[PDB]
Amino acid sequence: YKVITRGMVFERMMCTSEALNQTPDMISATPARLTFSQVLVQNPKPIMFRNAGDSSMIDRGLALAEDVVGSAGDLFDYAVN
Amino acid sequence: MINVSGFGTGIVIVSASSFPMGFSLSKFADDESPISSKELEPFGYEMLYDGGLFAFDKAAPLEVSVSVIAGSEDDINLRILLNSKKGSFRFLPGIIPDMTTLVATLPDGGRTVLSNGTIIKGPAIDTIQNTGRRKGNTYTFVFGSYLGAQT
């Protein structure tokens, strides 16, 4: 969330704590104390790109390719269809 | 000369839900001040460590109080307003039952449009004085809008 209090814009904010208070001093409304904390990020300003072709590549590491059974005939029928 | 009289003053109280059309206060008390408001404080000052002064804004409620004769229709209407819990009304980005008091002071035409407010306190039952005559009833409202004065 982004919290804008008084001309003081704060980005990358998440609610850390929150406390409601129900007392005979306020029977209709309820006072509440919220506390947010900023999420520290290595780059405050990131670099992006417009078109969808030109990402920097991301590597998935070792995957341990899982196992399926379809035989080559099923793959061939799928490619034919 | 300047006429600072108070005769002919009228008040029109219109509430968002209790009295959408509103009622009129004309019967004011004789022992208590018919209208009494504490001094507004919309500014504040702080002392710098070099002896200097800094001036800033503060939140300034306008606490007005109107006194009416015990048993009158205005007193009954004000008691009905007092006995209206805020939790029994639908809520809008505005204020629980927003009630405004149009104050027409004298044939001078001074109109005050105190708005954005609500009642705060008042007497539930009439108090019988030592003299035997019921005390005038003073009901206090608070407001956040205090502009609109003319002439």
# chains A, B, ... in the order shown; residues from 1 in each chain; ligands from 1

call {"tool": "residues_around", "arguments": {"residues": "range 10-22 of chain A", "least_positions_apart": "3", "cutoff": "9 Å", "atoms": "only C-alpha atoms", "output": "list in words"}}
result
residues 1, 2, 3, 4, 5, 25, 26, 27, 29, 30, 31, 32, 33, 34, 35, 36, 37, 38, 39, 40 and 41 of chain A

call {"tool": "interface_residues", "arguments": {"of": "chain B", "to": "chain A", "cutoff": "9 Å", "atoms": "only C-alpha atoms", "output": "PyMOL selection string"}}
result
chain B and resi 85-87

call {"tool": "atom_distance", "arguments": {"atom1": "CA of residue 10 in chain B", "atom2": "CA of residue 108 in chain B"}}
result
12.1 Å

call {"tool": "residues_around", "arguments": {"residues": "range 113-116 of chain B", "least_positions_apart": "6", "cutoff": "9 Å", "atoms": "only C-alpha atoms", "output": "JSON, numbers by chain"}}
result
{"B": [62, 94, 95, 98, 99, 100, 101, 102, 103, 142, 143, 144, 145, 146, 147, 148, 149]}

call {"tool": "write_last_selection", "arguments": {"atoms": "C-alpha atoms", "output": "short mmCIF file (atom, residue, chain, number, x, y, z; two decimals), in the first residue's frame"}}
result
data_model
loop_
_atom_site.label_atom_id
_atom_site.label_comp_id
_atom_site.auth_asym_id
_atom_site.auth_seq_id
_atom_site.Cartn_x
_atom_site.Cartn_y
_atom_site.Cartn_z
CA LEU B 62 -17.12 26.00 18.10
CA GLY B 94 -20.57 13.47 6.30
CA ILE B 95 -21.39 13.53 10.01
CA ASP B 98 -25.40 16.84 10.69
CA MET B 99 -27.36 19.70 12.20
CA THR B 100 -26.96 23.37 11.36
CA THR B 101 -28.23 26.39 13.29
CA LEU B 102 -29.16 29.41 11.20
CA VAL B 103 -28.97 32.33 13.63
CA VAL B 142 -20.35 21.78 18.84
CA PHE B 143 -19.60 22.74 15.25
CA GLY B 144 -16.70 22.58 12.81
CA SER B 145 -18.03 25.08 10.27
CA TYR B 146 -18.23 28.64 11.59
CA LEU B 147 -18.46 30.91 8.55
CA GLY B 148 -21.31 32.59 6.72
CA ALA B 149 -21.81 35.79 8.70
#

call {"tool": "atom_distance", "arguments": {"atom1": "CA of residue 84 in chain B", "atom2": "CA of residue 20 in chain B"}}
result
13.8 Å

call {"tool": "select_by_dssp", "arguments": {"residues": "chain B", "states": "strand (DSSP E)", "output": "ChimeraX atom specification"}}
result
/B:10-15,23-25,35-37,43-47,53-57,62-68,99-105,110-121,137-145

call {"tool": "select_by_dssp", "arguments": {"residues": "chain B", "states": "alpha helix (DSSP H)", "output": "list in words"}}
result
residues 73, 74, 75, 76, 77, 78, 79, 80, 81 and 82 of chain B

call {"tool": "write_last_selection", "arguments": {"atoms": "C-alpha atoms", "output": "CSV table (one decimal), in the first residue's frame"}}
result
chain,number,residue,atom,x,y,z
B,73,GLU,CA,-41.8,23.6,22.7
B,74,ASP,CA,-38.2,24.6,21.9
B,75,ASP,CA,-37.1,22.8,25.1
B,76,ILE,CA,-39.1,19.7,24.0
B,77,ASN,CA,-37.6,19.7,20.5
B,78,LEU,CA,-34.1,20.1,22.0
B,79,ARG,CA,-34.7,17.2,24.4
B,80,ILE,CA,-35.9,15.1,21.4
B,81,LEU,CA,-32.7,16.0,19.6
B,82,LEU,CA,-30.6,15.1,22.7

call {"tool": "closest_residue", "arguments": {"among": "B:65, B:72, B:88, B:55", "to": "residue 34 in chain B", "atoms": "only C-alpha atoms"}}
result
B:65

call {"tool": "atom_distance", "arguments": {"atom1": "CA of residue 21 in chain B", "atom2": "CA of residue 137 in chain B"}}
result
23.2 Å
